[PDB]
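Raw contents of coords-v6.cif, mmCIF, C-alpha atoms and all ligand atoms:
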```cif
data_coords
#
loop_
_atom_site.label_atom_id
_atom_site.label_comp_id
_atom_site.auth_asym_id
_atom_site.auth_seq_id
_atom_site.Cartn_x
_atom_site.Cartn_y
_atom_site.Cartn_z
CA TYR A 1 8.37 14.70 -4.32
CA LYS A 2 7.33 12.19 -1.65
CA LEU A 3 8.19 8.50 -1.80
CA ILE A 4 6.09 6.58 0.74
CA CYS A 5 7.30 2.98 1.27
CA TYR A 6 5.52 0.31 3.33
CA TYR A 7 7.32 -2.32 5.35
CA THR A 8 5.37 -5.35 6.59
CA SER A 9 5.92 -6.93 10.03
CA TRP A 10 5.32 -10.50 8.89
CA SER A 11 8.06 -10.47 6.25
CA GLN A 12 10.50 -11.43 9.02
CA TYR A 13 9.23 -15.00 9.19
CA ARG A 14 10.01 -15.70 5.56
CA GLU A 15 12.62 -18.41 5.09
CA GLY A 16 16.11 -17.96 3.67
CA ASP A 17 16.76 -14.74 1.81
CA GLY A 18 13.06 -13.95 1.89
CA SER A 19 13.44 -12.83 5.47
CA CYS A 20 13.45 -9.04 5.81
CA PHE A 21 14.00 -6.76 8.78
CA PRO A 22 14.03 -2.93 9.01
CA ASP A 23 17.74 -3.47 8.92
CA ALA A 24 17.78 -4.00 5.16
CA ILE A 25 16.20 -0.63 4.35
CA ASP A 26 18.28 2.03 2.67
CA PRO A 27 17.70 5.12 4.82
CA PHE A 28 18.07 7.38 1.84
CA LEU A 29 15.71 5.44 -0.46
CA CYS A 30 12.31 6.81 0.58
CA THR A 31 11.15 9.96 2.32
CA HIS A 32 8.66 8.15 4.55
CA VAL A 33 8.61 4.51 5.66
CA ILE A 34 5.35 3.15 7.09
CA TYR A 35 5.51 0.16 9.42
CA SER A 36 2.73 -2.18 8.54
CA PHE A 37 -0.03 -2.83 11.01
CA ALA A 38 -0.39 -1.95 14.54
CA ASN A 39 -3.56 -3.40 16.08
CA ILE A 40 -6.34 -2.28 18.43
CA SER A 41 -7.12 -3.67 21.90
CA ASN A 42 -9.59 -2.33 24.43
CA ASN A 43 -10.12 0.51 21.97
CA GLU A 44 -6.52 1.55 22.08
CA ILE A 45 -3.65 1.24 19.61
CA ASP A 46 -1.34 -1.63 20.33
CA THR A 47 1.34 -3.92 18.93
CA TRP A 48 0.74 -6.97 16.81
CA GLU A 49 3.86 -9.13 16.53
CA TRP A 50 5.61 -10.21 19.77
CA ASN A 51 8.80 -8.32 18.84
CA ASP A 52 7.19 -5.18 17.35
CA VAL A 53 8.83 -3.00 20.05
CA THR A 54 12.20 -4.26 18.92
CA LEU A 55 11.44 -3.78 15.24
CA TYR A 56 9.90 -0.36 15.85
CA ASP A 57 13.24 0.63 17.38
CA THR A 58 15.25 -0.96 14.57
CA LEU A 59 13.20 0.94 11.97
CA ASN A 60 13.32 4.28 13.76
CA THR A 61 17.11 4.08 14.23
CA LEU A 62 17.45 4.53 10.46
CA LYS A 63 16.66 8.10 11.29
CA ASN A 64 20.10 8.40 12.86
CA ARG A 65 21.61 7.99 9.45
CA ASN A 66 18.96 10.06 7.61
CA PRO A 67 17.73 12.93 9.80
CA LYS A 68 15.06 13.85 7.27
CA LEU A 69 13.54 10.36 7.05
CA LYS A 70 9.98 10.26 8.45
CA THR A 71 8.32 7.11 9.76
CA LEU A 72 4.66 6.30 10.42
CA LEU A 73 2.83 3.36 11.94
CA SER A 74 -0.24 2.01 10.17
CA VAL A 75 -3.40 0.68 11.83
CA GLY A 76 -5.81 -1.74 10.17
CA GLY A 77 -4.75 -3.82 7.19
CA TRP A 78 -6.32 -6.80 5.39
CA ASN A 79 -6.22 -9.09 8.40
CA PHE A 80 -8.00 -6.47 10.49
CA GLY A 81 -11.78 -6.81 10.32
CA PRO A 82 -13.44 -3.79 8.71
CA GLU A 83 -16.26 -4.42 11.18
CA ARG A 84 -13.87 -3.94 14.06
CA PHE A 85 -12.97 -0.58 12.59
CA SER A 86 -16.60 0.24 11.88
CA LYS A 87 -17.42 -0.65 15.50
CA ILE A 88 -14.76 1.70 16.93
CA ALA A 89 -15.69 4.74 14.83
CA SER A 90 -19.52 4.67 15.25
CA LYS A 91 -19.55 5.00 19.02
CA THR A 92 -18.10 8.38 19.92
CA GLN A 93 -17.01 6.87 23.26
CA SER A 94 -14.64 4.25 21.83
CA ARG A 95 -13.48 6.65 19.11
CA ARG A 96 -12.27 9.33 21.49
CA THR A 97 -10.58 6.59 23.49
CA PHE A 98 -8.79 5.19 20.50
CA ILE A 99 -7.80 8.70 19.47
CA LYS A 100 -6.27 9.81 22.77
CA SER A 101 -4.27 6.60 22.98
CA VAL A 102 -2.31 7.24 19.78
CA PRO A 103 0.00 10.24 20.38
CA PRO A 104 1.57 8.71 23.52
CA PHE A 105 2.11 5.42 21.71
CA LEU A 106 3.70 6.98 18.68
CA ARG A 107 5.85 9.27 20.80
CA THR A 108 7.07 6.38 22.95
CA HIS A 109 8.21 4.31 19.98
CA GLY A 110 9.45 7.18 17.88
CA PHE A 111 6.96 7.48 15.03
CA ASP A 112 6.34 10.73 13.20
CA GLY A 113 2.75 9.86 12.37
CA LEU A 114 -0.15 7.43 12.00
CA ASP A 115 -1.38 5.79 8.82
CA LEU A 116 -5.06 4.79 8.68
CA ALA A 117 -5.53 1.57 6.72
CA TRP A 118 -9.30 0.93 7.23
CA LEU A 119 -9.52 -1.54 4.40
CA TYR A 120 -12.71 -0.49 2.82
CA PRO A 121 -15.39 1.36 4.75
CA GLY A 122 -18.95 0.72 3.67
CA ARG A 123 -21.94 2.92 2.86
CA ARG A 124 -22.94 3.13 6.55
CA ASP A 125 -19.38 4.15 7.55
CA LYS A 126 -18.68 7.28 5.46
CA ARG A 127 -19.99 9.65 8.15
CA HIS A 128 -17.92 8.03 10.89
CA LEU A 129 -14.72 7.81 8.84
CA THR A 130 -14.89 11.58 8.50
CA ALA A 131 -15.35 11.94 12.21
CA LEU A 132 -12.33 9.76 12.93
CA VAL A 133 -10.11 11.85 10.70
CA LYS A 134 -11.45 15.20 11.85
CA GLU A 135 -10.98 14.36 15.48
CA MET A 136 -7.61 12.60 15.11
CA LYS A 137 -6.12 15.63 13.36
CA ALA A 138 -7.58 17.85 16.03
CA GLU A 139 -5.95 15.75 18.74
CA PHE A 140 -2.67 15.89 16.83
CA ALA A 141 -2.90 19.65 16.47
CA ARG A 142 -3.46 19.89 20.19
CA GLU A 143 -0.59 17.61 21.16
CA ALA A 144 1.77 19.84 19.19
CA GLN A 145 0.97 22.73 21.56
CA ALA A 146 3.35 20.97 23.95
CA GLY A 147 6.23 22.21 21.83
CA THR A 148 6.87 19.26 19.62
CA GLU A 149 6.58 18.65 15.82
CA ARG A 150 2.98 17.88 14.89
CA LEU A 151 2.39 14.20 14.12
CA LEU A 152 1.49 13.30 10.56
CA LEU A 153 -1.84 11.74 9.63
CA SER A 154 -2.38 9.83 6.39
CA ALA A 155 -4.75 7.27 4.94
CA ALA A 156 -4.68 4.43 2.43
CA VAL A 157 -7.78 4.75 0.25
CA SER A 158 -9.38 2.43 -2.32
CA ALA A 159 -8.91 3.17 -5.98
CA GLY A 160 -12.21 1.66 -7.15
CA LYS A 161 -14.89 4.14 -8.16
CA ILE A 162 -17.71 2.25 -6.51
CA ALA A 163 -15.78 1.68 -3.31
CA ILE A 164 -14.92 5.36 -3.28
CA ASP A 165 -18.51 6.70 -3.81
CA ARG A 166 -19.76 4.23 -1.24
CA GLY A 167 -17.56 4.88 1.85
CA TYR A 168 -15.46 8.03 1.43
CA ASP A 169 -16.17 11.74 1.71
CA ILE A 170 -12.99 12.67 -0.20
CA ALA A 171 -13.64 16.39 -0.13
CA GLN A 172 -13.99 16.34 3.63
CA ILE A 173 -11.14 14.07 4.74
CA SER A 174 -8.73 15.62 2.22
CA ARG A 175 -8.44 18.87 4.13
CA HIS A 176 -7.50 17.05 7.33
CA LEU A 177 -5.07 14.41 6.03
CA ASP A 178 -1.42 15.19 5.24
CA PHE A 179 -1.38 12.83 2.26
CA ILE A 180 -3.58 10.19 0.66
CA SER A 181 -2.26 6.91 -0.72
CA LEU A 182 -4.25 5.59 -3.68
CA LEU A 183 -4.37 1.78 -3.72
CA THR A 184 -4.08 1.69 -7.50
CA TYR A 185 -3.18 -1.97 -7.78
CA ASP A 186 -6.26 -3.94 -6.84
CA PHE A 187 -8.11 -3.39 -10.09
CA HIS A 188 -8.56 -6.96 -11.34
CA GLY A 189 -11.28 -8.27 -9.02
CA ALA A 190 -10.60 -11.59 -7.29
CA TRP A 191 -14.32 -12.35 -7.81
CA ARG A 192 -14.42 -14.02 -11.26
CA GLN A 193 -12.62 -16.52 -13.52
CA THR A 194 -10.59 -14.57 -16.09
CA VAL A 195 -6.99 -13.55 -16.75
CA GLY A 196 -6.29 -9.86 -16.27
CA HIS A 197 -3.93 -7.20 -14.98
CA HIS A 198 -4.47 -5.77 -11.50
CA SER A 199 -2.53 -2.51 -11.94
CA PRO A 200 -3.17 -1.15 -15.43
CA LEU A 201 -2.03 2.39 -15.99
CA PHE A 202 -4.47 3.15 -18.81
CA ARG A 203 -7.95 2.03 -19.84
CA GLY A 204 -6.80 0.63 -23.12
CA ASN A 205 -8.72 0.80 -26.41
CA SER A 206 -9.76 -2.86 -26.17
CA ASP A 207 -12.68 -3.43 -23.74
CA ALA A 208 -15.66 -1.12 -23.10
CA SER A 209 -16.88 -2.08 -19.58
CA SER A 210 -14.92 -1.33 -16.38
CA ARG A 212 -13.10 1.75 -17.72
CA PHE A 213 -13.01 2.66 -14.07
CA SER A 214 -10.44 -0.06 -13.29
CA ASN A 215 -7.19 1.70 -14.08
CA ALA A 216 -4.92 4.17 -12.28
CA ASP A 217 -5.64 6.96 -14.80
CA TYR A 218 -9.34 7.00 -14.07
CA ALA A 219 -8.76 6.60 -10.35
CA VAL A 220 -6.50 9.66 -10.21
CA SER A 221 -8.76 11.78 -12.40
CA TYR A 222 -11.78 10.79 -10.27
CA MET A 223 -10.06 11.75 -6.96
CA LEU A 224 -9.04 15.10 -8.41
CA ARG A 225 -12.62 15.55 -9.60
CA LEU A 226 -14.02 14.73 -6.16
CA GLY A 227 -11.90 17.51 -4.60
CA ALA A 228 -8.68 15.93 -3.35
CA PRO A 229 -5.77 18.29 -3.99
CA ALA A 230 -3.10 16.91 -6.28
CA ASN A 231 -0.44 18.00 -3.76
CA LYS A 232 -1.90 15.51 -1.27
CA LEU A 233 -2.49 12.54 -3.56
CA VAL A 234 0.07 9.72 -3.71
CA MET A 235 -0.27 6.98 -6.34
CA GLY A 236 0.38 3.46 -5.19
CA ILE A 237 2.77 1.30 -7.17
CA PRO A 238 2.96 -2.46 -6.62
CA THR A 239 6.19 -4.27 -6.02
CA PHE A 240 4.51 -7.67 -6.28
CA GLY A 241 2.65 -9.52 -9.00
CA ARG A 242 -0.60 -11.44 -9.19
CA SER A 243 -0.66 -15.04 -10.42
CA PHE A 244 -3.31 -17.29 -11.98
CA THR A 245 -3.61 -20.96 -12.93
CA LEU A 246 -4.77 -21.21 -16.55
CA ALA A 247 -7.81 -23.42 -17.22
CA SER A 248 -6.77 -23.81 -20.87
CA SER A 249 -3.91 -23.47 -23.31
CA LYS A 250 -5.21 -19.98 -23.99
CA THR A 251 -2.70 -17.34 -22.80
CA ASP A 252 -3.98 -14.06 -24.29
CA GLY A 253 -6.37 -11.53 -22.75
CA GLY A 254 -9.63 -13.01 -21.52
CA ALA A 255 -8.25 -16.55 -21.11
CA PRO A 256 -10.09 -18.93 -18.72
CA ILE A 257 -8.86 -19.28 -15.16
CA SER A 258 -9.22 -22.26 -12.88
CA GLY A 259 -7.82 -20.52 -9.81
CA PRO A 260 -4.92 -18.63 -8.23
CA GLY A 261 -1.35 -19.41 -9.22
CA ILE A 262 0.80 -21.71 -7.14
CA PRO A 263 2.69 -20.14 -4.22
CA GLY A 264 6.29 -18.92 -4.37
CA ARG A 265 9.23 -20.46 -2.53
CA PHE A 266 9.49 -17.58 -0.05
CA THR A 267 6.20 -15.76 -0.27
CA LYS A 268 4.07 -18.89 0.28
CA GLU A 269 0.70 -17.45 -0.73
CA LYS A 270 -1.53 -18.59 -3.58
CA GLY A 271 -2.04 -15.86 -6.15
CA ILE A 272 0.81 -13.58 -5.08
CA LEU A 273 4.53 -13.43 -5.91
CA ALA A 274 7.29 -11.14 -4.75
CA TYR A 275 9.07 -9.21 -7.49
CA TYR A 276 12.23 -11.14 -6.65
CA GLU A 277 10.21 -14.35 -7.00
CA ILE A 278 9.10 -13.08 -10.37
CA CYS A 279 12.62 -12.43 -11.51
CA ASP A 280 13.32 -16.13 -10.99
CA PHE A 281 10.02 -17.12 -12.63
CA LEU A 282 10.89 -15.17 -15.77
CA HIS A 283 13.58 -17.72 -16.75
CA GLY A 284 11.97 -19.92 -19.35
CA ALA A 285 8.88 -17.74 -19.40
CA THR A 286 7.22 -15.89 -22.26
CA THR A 287 7.01 -12.14 -21.65
CA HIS A 288 4.19 -10.01 -23.01
CA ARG A 289 3.07 -6.41 -22.52
CA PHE A 290 -0.33 -4.74 -22.93
CA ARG A 291 0.41 -1.65 -25.04
CA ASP A 292 -2.80 0.16 -24.20
CA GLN A 293 -2.36 -0.44 -20.46
CA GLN A 294 1.44 -0.28 -20.54
CA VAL A 295 2.02 -3.13 -18.12
CA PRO A 296 3.50 -6.63 -18.60
CA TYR A 297 2.62 -10.23 -17.88
CA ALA A 298 4.31 -13.61 -18.14
CA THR A 299 3.31 -17.22 -18.78
CA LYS A 300 5.01 -20.52 -18.15
CA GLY A 301 3.25 -23.85 -18.22
CA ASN A 302 -0.22 -23.20 -16.85
CA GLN A 303 0.86 -20.26 -14.67
CA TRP A 304 -0.03 -16.68 -15.77
CA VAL A 305 1.48 -13.72 -13.97
CA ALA A 306 0.53 -10.01 -14.05
CA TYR A 307 3.29 -7.81 -12.67
CA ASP A 308 5.31 -4.57 -12.86
CA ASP A 309 8.87 -4.17 -14.09
CA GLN A 310 11.30 -1.23 -14.07
CA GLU A 311 9.74 0.14 -17.23
CA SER A 312 6.09 -0.05 -16.20
CA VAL A 313 6.96 1.46 -12.87
CA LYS A 314 8.87 4.32 -14.47
CA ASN A 315 5.94 4.88 -16.75
CA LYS A 316 3.57 5.19 -13.83
CA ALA A 317 6.00 7.56 -12.15
CA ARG A 318 6.15 9.83 -15.19
CA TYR A 319 2.36 9.88 -15.28
CA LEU A 320 2.26 10.75 -11.64
CA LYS A 321 4.64 13.70 -12.27
CA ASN A 322 2.68 15.05 -15.24
CA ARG A 323 -0.55 15.25 -13.23
CA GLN A 324 1.55 17.02 -10.56
CA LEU A 325 0.84 14.69 -7.69
CA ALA A 326 2.61 14.71 -4.35
CA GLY A 327 4.52 11.53 -4.99
CA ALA A 328 4.42 7.76 -5.14
CA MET A 329 3.69 5.05 -2.61
CA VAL A 330 5.30 1.61 -2.92
CA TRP A 331 3.56 -1.34 -1.36
CA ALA A 332 6.09 -3.50 0.43
CA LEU A 333 9.81 -2.84 0.31
CA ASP A 334 10.05 -6.43 1.48
CA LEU A 335 8.54 -7.61 -1.82
CA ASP A 336 11.04 -5.76 -3.99
CA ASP A 337 14.48 -7.28 -4.45
CA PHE A 338 15.79 -5.80 -1.20
CA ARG A 339 18.94 -7.95 -1.20
CA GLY A 340 19.49 -7.26 -4.88
CA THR A 341 20.56 -10.83 -5.61
CA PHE A 342 17.55 -12.26 -7.48
CA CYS A 343 16.97 -9.86 -10.38
CA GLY A 344 20.13 -9.94 -12.43
CA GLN A 345 21.50 -6.43 -11.94
CA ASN A 346 23.30 -6.32 -8.61
CA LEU A 347 21.10 -3.32 -7.80
CA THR A 348 19.37 -3.18 -4.43
CA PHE A 349 15.59 -2.34 -4.47
CA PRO A 350 15.38 -2.27 -8.30
CA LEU A 351 11.70 -1.31 -8.51
CA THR A 352 11.72 1.31 -5.77
CA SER A 353 14.89 2.74 -7.17
CA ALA A 354 13.33 3.06 -10.60
CA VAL A 355 10.51 5.17 -9.21
CA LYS A 356 13.02 7.31 -7.34
CA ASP A 357 14.97 7.97 -10.49
CA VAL A 358 11.92 9.45 -12.19
CA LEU A 359 10.94 11.49 -9.17
CA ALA A 360 14.49 12.78 -8.81
CA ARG A 361 15.37 13.92 -12.37
CA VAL A 362 12.83 16.82 -11.81
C1 LIG B 1 -5.42 -7.17 18.64
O1 LIG B 1 -6.81 -7.01 18.63
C2 LIG B 1 -7.72 -7.88 19.36
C3 LIG B 1 -8.65 -7.17 20.37
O2 LIG B 1 -8.07 -6.80 21.62
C4 LIG B 1 -6.94 -9.12 19.82
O3 LIG B 1 -7.76 -10.22 19.73
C5 LIG B 1 -8.96 -11.62 20.52
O4 LIG B 1 -8.79 -11.14 21.87
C6 LIG B 1 -8.70 -12.22 22.77
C7 LIG B 1 -7.26 -12.76 22.84
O5 LIG B 1 -7.22 -14.13 22.46
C8 LIG B 1 -9.69 -13.29 22.31
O6 LIG B 1 -9.96 -14.37 23.23
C9 LIG B 1 -10.58 -14.34 24.56
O7 LIG B 1 -11.99 -14.06 24.55
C10 LIG B 1 -12.67 -14.95 23.69
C11 LIG B 1 -14.04 -14.36 23.42
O8 LIG B 1 -13.80 -13.04 22.93
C12 LIG B 1 -12.68 -16.33 24.32
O9 LIG B 1 -13.40 -17.23 23.49
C13 LIG B 1 -11.24 -16.80 24.34
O10 LIG B 1 -11.19 -18.12 24.87
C14 LIG B 1 -10.42 -15.78 25.15
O11 LIG B 1 -10.83 -15.83 26.51
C15 LIG B 1 -10.88 -12.61 21.64
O12 LIG B 1 -11.87 -13.58 21.30
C16 LIG B 1 -10.42 -11.89 20.35
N1 LIG B 1 -11.12 -10.63 20.16
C17 LIG B 1 -11.32 -10.08 18.94
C18 LIG B 1 -12.11 -8.80 18.85
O13 LIG B 1 -10.86 -10.56 17.90
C19 LIG B 1 -5.85 -9.60 18.86
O14 LIG B 1 -5.24 -10.69 19.49
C20 LIG B 1 -4.76 -8.57 18.67
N2 LIG B 1 -3.53 -8.95 17.99
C21 LIG B 1 -3.36 -10.07 17.33
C22 LIG B 1 -1.95 -10.53 17.59
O15 LIG B 1 -4.17 -10.66 16.57
#
```

The structure given in the file should be rewritten as structure tokens.
Ligand SMILES: *[C@H]1O[C@H](CO)[C@@H](O[C@H]2O[C@H](CO)[C@@H](O[C@H]3O[C@H](CO)[C@@H](O)[C@H](O)[C@@H]3O)[C@H](O)[C@H]2NC(C)=O)[C@H](O)[C@H]1NC(C)=O
Amino acid sequence: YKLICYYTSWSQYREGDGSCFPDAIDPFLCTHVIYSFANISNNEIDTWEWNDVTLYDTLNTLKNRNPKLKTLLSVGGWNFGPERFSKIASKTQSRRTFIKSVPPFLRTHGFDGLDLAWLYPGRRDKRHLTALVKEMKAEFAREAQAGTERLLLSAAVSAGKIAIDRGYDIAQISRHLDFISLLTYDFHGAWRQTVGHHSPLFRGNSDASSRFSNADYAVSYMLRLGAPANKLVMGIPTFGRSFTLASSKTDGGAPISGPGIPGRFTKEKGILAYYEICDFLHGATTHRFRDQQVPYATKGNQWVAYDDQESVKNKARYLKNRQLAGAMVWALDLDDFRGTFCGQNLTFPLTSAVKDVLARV
């Protein structure tokens, strides 16, 4: 079983214990660690943070302790304009340029592969996305002729049915990618004013429309569209989503006035690190959707949708029963990496939970 874990560059600037460097990663925790977000300049892959070269090296030294540990660098991300991506892949001239620039880069800094994080291609992009993948794999296959281990090529893909139909040719790209990460944790849409869970496992016998907004459907749809189970990786969130209640109503469907207040270390409205959530829980009321098998908490006018050890284990069991390749965890820096916030002196409680399920078979 694979266990793909993302590490984000910007988590280093977090104050106090929130600060996280590659240093804190247990080399034996995951099978692959993806460094989050390289950038693109003059149609060529490039660094983002001033000290990326130092961090790249810090991350890749973990491989000295765990010889089997694979690392990848990811291009794109949320702060990377989809248009910029769209622009690079349409013109075969800039595409080939971008492509040829990658292997040397990755080889210089010690990466075993590239992760494509084109955050949401549109209807006019499908054709070009396919081209990018086809050609990149071809270039990688070629570079291996030089006597070295072929570079890996993966991609983070949307879990929403509409987004999927619109910009992805799943059948095509699947035969060229090494593994696909399903972003099964962006289900509750930031568009409108209601309380809801962003990473439900099941549909839940309790609301007819938007049966497409749960991991179960997402996985079944990908399999239907032709992606091999042995290449699909289900994404599991290590963070939670917060909301500011617009009323004293706390149950499903309650009115929302806006995102929840930021966390001490995370500092972003509407998001909270799992370790921030462990602190929040004190004096909070815990609930759990039985149909969807995920929890949520409320305190004052703040409403939080998150994942605990049990929900995460549940998702992992599901993942194993459908016979998927593994799990993907978004942000090791959002889990309790120090292991000092969430009671149990355990390090990486959430990621460890997934690993336990993947490991007992
Ligand atoms: C990776 O990706 C981008 C593309 O290379 C980097 O970017 C910007 O690139 C330069 C750097 O500041 C900007 O500014 C010059 O030109 C603009 C007009 O384009 C002038 O107005 C400005 O005064 C500068 O002379 C570009 O505007 C901007 N380009 C794009 C496409 O966004 C980007 O910096 C990088 N990594 C990071 C750290 O974000």

If the limit is 8 Å from any atom of ligand LIG 1 (chain B), counting only C-alpha atoms and all ligand atoms, which residues qualify? Return them as a tab-separated table (two decimals) with C-alpha atoms, in the frame of the given file.
```tsv
chain	number	residue	atom	x	y	z
A	39	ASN	CA	-3.56	-3.40	16.08
A	40	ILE	CA	-6.34	-2.28	18.43
A	41	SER	CA	-7.12	-3.67	21.90
A	42	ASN	CA	-9.59	-2.33	24.43
A	43	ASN	CA	-10.12	0.51	21.97
A	46	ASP	CA	-1.34	-1.63	20.33
A	47	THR	CA	1.34	-3.92	18.93
A	48	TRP	CA	0.74	-6.97	16.81
A	49	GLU	CA	3.86	-9.13	16.53
A	50	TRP	CA	5.61	-10.21	19.77
A	84	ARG	CA	-13.87	-3.94	14.06
```

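Shortest atom-to-atom contact with residue 232 of chain A among A:326, A:279, A:159, A:131: A:326, counting only C-alpha atoms.
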
So that I can see what lies close to residue 290 of chain A, please list as an MDAnalysis selection string the residues with an atom at most 12 Å from it, counting all atoms listed in the file and leaving out residues fewer than 3 positions away in the same chain.
chainID A and resid 196:197 199:206 252:253 287 293:298 306:308 312

Residue list as JSON, numbers by chain for point (12.1, 4.4, 19.0), cut-off 8 Å, only C-alpha atoms:
{"A": [56, 57, 58, 59, 60, 61, 108, 109, 110, 111]}

Residues within 10 Å of (-12.1, 1.8, -16.5), counting all atoms listed in the file, listed as number ranges by chain:
A: 160-161, 187, 200, 202-204, 207-210, 212-219

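Every protein, DNA or RNA residue with an atom at most 8 Å from residue 348 of chain A, where only C-alpha atoms count and chain neighbours fewer than 2 positions away do not, is listed here: residues 337, 338, 339, 340, 341, 346, 350 and 353 of chain A.
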
Taking all atoms listed in the file into account, which of A:17, A:178, A:83, A:23 comes nearest residue 54 of chain A?
A:23

Just want the 9 Å neighbourhood of residue 28 of chain A, counted on all atoms listed in the file, with same-chain residues fewer than 5 positions away dropped. Output as a ChimeraX atom specification.
/A:65-66,68-69

Keeping just N, CA, C and O atoms, export segment 324-337 of chain A of this structure as a PDB file, in the first residue's frame.
```pdb
ATOM      1  N   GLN A 324      -9.908  -1.882  -2.882  1.00  0.00           N
ATOM      2  CA  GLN A 324      -8.609  -2.276  -3.384  1.00  0.00           C
ATOM      3  C   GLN A 324      -7.849  -1.201  -4.102  1.00  0.00           C
ATOM      4  O   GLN A 324      -7.343  -1.410  -5.173  1.00  0.00           O
ATOM      5  N   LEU A 325      -7.746  -0.028  -3.508  1.00  0.00           N
ATOM      6  CA  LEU A 325      -7.061   1.078  -4.128  1.00  0.00           C
ATOM      7  C   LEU A 325      -5.561   0.991  -3.838  1.00  0.00           C
ATOM      8  O   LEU A 325      -5.131   0.204  -3.047  1.00  0.00           O
ATOM      9  N   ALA A 326      -4.769   1.806  -4.482  1.00  0.00           N
ATOM     10  CA  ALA A 326      -3.351   1.782  -4.323  1.00  0.00           C
ATOM     11  C   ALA A 326      -2.889   2.258  -2.958  1.00  0.00           C
ATOM     12  O   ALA A 326      -1.889   1.784  -2.391  1.00  0.00           O
ATOM     13  N   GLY A 327      -3.587   3.224  -2.419  1.00  0.00           N
ATOM     14  CA  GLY A 327      -3.227   3.702  -1.084  1.00  0.00           C
ATOM     15  C   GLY A 327      -4.000   4.952  -0.678  1.00  0.00           C
ATOM     16  O   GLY A 327      -5.089   5.243  -1.154  1.00  0.00           O
ATOM     17  N   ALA A 328      -3.386   5.700   0.224  1.00  0.00           N
ATOM     18  CA  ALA A 328      -3.962   6.943   0.699  1.00  0.00           C
ATOM     19  C   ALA A 328      -3.007   8.077   0.488  1.00  0.00           C
ATOM     20  O   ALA A 328      -1.846   7.854   0.372  1.00  0.00           O
ATOM     21  N   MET A 329      -3.515   9.292   0.418  1.00  0.00           N
ATOM     22  CA  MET A 329      -2.750  10.502   0.284  1.00  0.00           C
ATOM     23  C   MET A 329      -3.205  11.391   1.428  1.00  0.00           C
ATOM     24  O   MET A 329      -4.377  11.486   1.712  1.00  0.00           O
ATOM     25  N   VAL A 330      -2.263  11.991   2.124  1.00  0.00           N
ATOM     26  CA  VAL A 330      -2.575  12.866   3.271  1.00  0.00           C
ATOM     27  C   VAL A 330      -2.159  14.299   2.920  1.00  0.00           C
ATOM     28  O   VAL A 330      -0.997  14.571   2.553  1.00  0.00           O
ATOM     29  N   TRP A 331      -3.093  15.217   3.032  1.00  0.00           N
ATOM     30  CA  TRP A 331      -2.762  16.574   2.648  1.00  0.00           C
ATOM     31  C   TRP A 331      -2.268  17.286   3.894  1.00  0.00           C
ATOM     32  O   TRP A 331      -3.027  17.474   4.830  1.00  0.00           O
ATOM     33  N   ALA A 332      -0.963  17.620   3.830  1.00  0.00           N
ATOM     34  CA  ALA A 332      -0.183  18.340   4.765  1.00  0.00           C
ATOM     35  C   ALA A 332       0.140  17.565   6.032  1.00  0.00           C
ATOM     36  O   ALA A 332      -0.704  17.416   6.888  1.00  0.00           O
ATOM     37  N   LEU A 333       1.412  17.152   6.144  1.00  0.00           N
ATOM     38  CA  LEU A 333       1.979  16.554   7.307  1.00  0.00           C
ATOM     39  C   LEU A 333       2.224  17.671   8.295  1.00  0.00           C
ATOM     40  O   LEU A 333       2.374  17.440   9.470  1.00  0.00           O
ATOM     41  N   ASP A 334       2.298  18.897   7.805  1.00  0.00           N
ATOM     42  CA  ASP A 334       2.530  20.045   8.658  1.00  0.00           C
ATOM     43  C   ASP A 334       1.251  20.502   9.341  1.00  0.00           C
ATOM     44  O   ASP A 334       1.285  21.370  10.170  1.00  0.00           O
ATOM     45  N   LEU A 335       0.121  19.916   8.961  1.00  0.00           N
ATOM     46  CA  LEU A 335      -1.169  20.264   9.584  1.00  0.00           C
ATOM     47  C   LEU A 335      -1.608  19.226  10.602  1.00  0.00           C
ATOM     48  O   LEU A 335      -2.516  19.420  11.346  1.00  0.00           O
ATOM     49  N   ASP A 336      -0.941  18.084  10.610  1.00  0.00           N
ATOM     50  CA  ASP A 336      -1.190  17.042  11.573  1.00  0.00           C
ATOM     51  C   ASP A 336      -0.435  17.472  12.812  1.00  0.00           C
ATOM     52  O   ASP A 336       0.298  18.448  12.780  1.00  0.00           O
ATOM     53  N   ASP A 337      -0.571  16.755  13.907  1.00  0.00           N
ATOM     54  CA  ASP A 337       0.208  17.101  15.097  1.00  0.00           C
ATOM     55  C   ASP A 337       1.609  16.516  14.974  1.00  0.00           C
ATOM     56  O   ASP A 337       1.894  15.498  15.548  1.00  0.00           O
TER      57      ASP A 337
END
```
